[PDB]
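Presented below is the structure to which this report refers.
Numbering (PDB author numbering), first residue to last: 1 to 158.
In structure tokens form, the structure reads like this:
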């Protein structure tokens with residue numbers, strides 16, 4: 001059967017109208033697999049990504065969010081850099097809505113810092129670095145947080 005759902009407004013409407021969150025997530029994931037690179041397809045994919053992130057926030061599946069971010073690496077290459085930075089910052093903020101899992105949060109923050117450095121998203125990178133410094137303070141990893149804060153203060157003061 002069809003492994004990809006065409007990136008059309010009808011597909012997004014069907015995904016929204018699904019009575020089950022899991023079915024909506026599956027439909028959105030299938031839509032993301034569409035190889036179409038048209039600008040309308042890209043816009044629909046961005047909307048689907050936002051909706052899927054919201055649904056995963058409702059489902060509290062942070063590991064699924066990490067998998068989604070790993071998958072979206074290929075998709076990010078077809079988008080304006082500012083748009084990619086915005087999308088990833090939104091995903092990171094959505095993940096932050098869920099707390100605990102200190103080590104998983106630290107790993108996710110470091111991965112996002114690397115991604116933002118790749119995407120040249122300065123403000124989002126700085127905010128995520130501040131959050132990572134706070135988490136390091138929580139885990140008592142004082143020297144790493146100190147170095148991060150020393151660098152970040154110099155970067156931000158300009």
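From the three backbone atoms N, C-alpha and C, an ideal C-beta is built for every residue, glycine too.
| Query | Result |
| --- | --- |
| Out of 154, 98, 43, 6, which has the shortest C-alpha to C-alpha gap to residue 83? | 43 |
| Which of the three DSSP states, helix, strand or coil, is assigned to residue 110? | helix |
| Please list the terminal residues of the continuous alpha helix (DSSP H) segment that includes residue 17. | 9 to 17 |
| Answer with buried or exposed for residue 166, where buried requires no fewer than 16 other C-beta atoms within 10 angstroms of its C-beta. | Since the first residue shown for the chain is 1 and the last is 158, residue 166 is missing from the structure and cannot be characterised. |
| List the endpoints of the continuous alpha helix (DSSP H) containing residue 4. | Here residue 4 belongs to no alpha helix (DSSP H), and DSSP marks it neither H nor E. |
| Is residue 65 near the ligand NAP, judged by its Cβ being under 8 Å from some heavy atom? | In the structure on display, the ligand NAP does not appear, and there are no ligands present to speak of. |
| Quick one, which of 41, 55, 126, 142 has its alpha-carbon nearest residue 158's? | 126 |
| In chain order, what residues of the same chain have a beta carbon less than 7 Å from the beta carbon of residue 186, not counting five sequence neighbours either side? | What the structure shows of the chain is the stretch from 1 to 158, and residue 186 is not part of that stretch, so it cannot be assessed. |
| Please name the residue in 30, 74, 92 whose C-alpha comes closest to that of residue 54. | 92 |
| If you draw a straight line from the C-alpha of residue 12 to the C-alpha of residue 112, how long is it? | 27 Å |
| Along the alpha helix (DSSP H) that carries residue 51, what are the first and last residues, could you check? | 39 to 59 |
| Going by DSSP in three states, residue 158 sits in which element: helix, strand or coil? | coil |
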